[PDB]
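Here you get one chain, nothing else, as C-alpha cells; it is the form deposited in one PDB entry.
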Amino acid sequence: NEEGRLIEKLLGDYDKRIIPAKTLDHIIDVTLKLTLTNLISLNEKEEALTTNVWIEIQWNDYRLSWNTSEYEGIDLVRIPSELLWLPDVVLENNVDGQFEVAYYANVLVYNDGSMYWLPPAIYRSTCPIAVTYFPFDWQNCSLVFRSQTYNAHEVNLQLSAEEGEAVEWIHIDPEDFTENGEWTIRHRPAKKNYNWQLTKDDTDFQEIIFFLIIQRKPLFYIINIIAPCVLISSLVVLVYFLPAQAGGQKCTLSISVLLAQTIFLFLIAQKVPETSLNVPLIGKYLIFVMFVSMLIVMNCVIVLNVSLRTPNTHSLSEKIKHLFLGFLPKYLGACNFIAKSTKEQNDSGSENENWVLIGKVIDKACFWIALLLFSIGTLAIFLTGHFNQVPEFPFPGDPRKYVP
C-alpha cells in the first residue's frame, strides 16, 4: 500500500501545534458549511435547541502536499484529525460545555494541500424563547461558530462556495433529512458577522452565524389544551340560568370552573419557559378567563344575596323595584286570626317573589354582559394568536431570500 509511504512521508517533519502559514502575515482561509440532518428538539425549559448536524470545515495546509506521479497517482488520503492541525472552530453559544465536535472524524487531504473535514455533531445551542404568542409563535434561533484560539490576523472564517456563489444557507440534504413534527423550518439563512467593538486580533471579532427561523405547528396544542380550556371556560356563563333558591349550585359550578382554569394554568406552566420577559398569549388568556370567572363568582354571590332578601332584613324601595321591573325588562326583552296570619304570610311571599324577579332580571343582564365579554376576549386572543406569521424575508431589512 503506497498510502503508508505517503503518510509516513507527510507526517514526518510535521507537528499539529503550528498554524500552516506560508510566511509572516499570511491568513489561512477557513470556510464553513453547515448541514442540518435533524432538528432534534427545542427544549423550552432550558431554552436549548438540540440539532444533529454535519459541519464541513475546509482549508489549505501547504505542508500536507505531495506529487501524485511519485505515489501511483494517489490524490486523496484520510488522516485522523488528532494527528493534524485544526482551525479549532467551535460553537460559541452552547448551553453546556461542549464546544468542539462530538466524533472527530478523519480529514480528507488532497495532493495540493486541500483539507476537507466533515464531522457530525449534536449541538445544544442557546436561544432566548420569544414566548409572547405561544403556542402560535415562531422562534428565531441561531448557531454561532468562532475560532476558539486564532484571531482575524491568522484565520479568515468564510462561507462555502460552489460555483462562485457563496452558500448562504444551512443546506438541508434531501437524502438524510427528517422533519421535526411540531417545528417547521421557515427560513435558514447564514451570515458572517463582525463585532466592531473589538479589534481584529481578539479571536471574537469574526463569527459565522447560521439562523434557524422555525414555526410551531399548533394543532396538537389547539386540540389538547386550548379547545378544552375554552370549552370549560364557556361554562361560567352558563351559571346565570341556574335557580338561586338554595339550589342549582351556582357557586359550586363557578368555583369548579375557576379550579379547572387553575389546573390548566399549571398545565401551561409545565410547558412554558421561565423567561419572564413576557407573558405567554395562552397565559394571558388563562389570566383573563380566571379574572372573568372570579367576577362571575362575585356576580353569583350578589344575585344570591338579592334574590334571597326578605322583607325583614331588606326593604324593597319603589325606586329600585320600578327600575328593575318596569323599565329594564322591556329594554332587556275563629277565622279572624286565621285571615290575619294568611295575609301576613302572603305579604312576605309577595316580597320574596319581587326579590327573585329582581334577581332574575340581574341574571339576564349580567349573562348577556358576561357572554359578550367572554366571546370578545376569546376572539381577540385567538385572533391575535392568528395573523402572526413568520416574516416574509429572513433578515427583515434585506431584499435577499437566502435560499438555494
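Take the two forms, find the largest set of C-alpha atoms that superpose within 1.5 Å, and that set is the rigid core. Quick note: we count residues from 1 along the sequence shown, nothing fancier.
For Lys330, the record comparison shows coordinates absent in at least a third of the other entries of this protein that model its neighbours. In the deposited sequence, the stretch from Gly333 to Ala334 hides 10 or more residues that have no coordinates.
The discussion below concerns the form deposited in another entry, not included here.
Summarising the superposition on the core between this form and the one not shown, the listed residues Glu72, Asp176, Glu100, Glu318 contain exactly one with a Cα shift of 2 Å or larger, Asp176.
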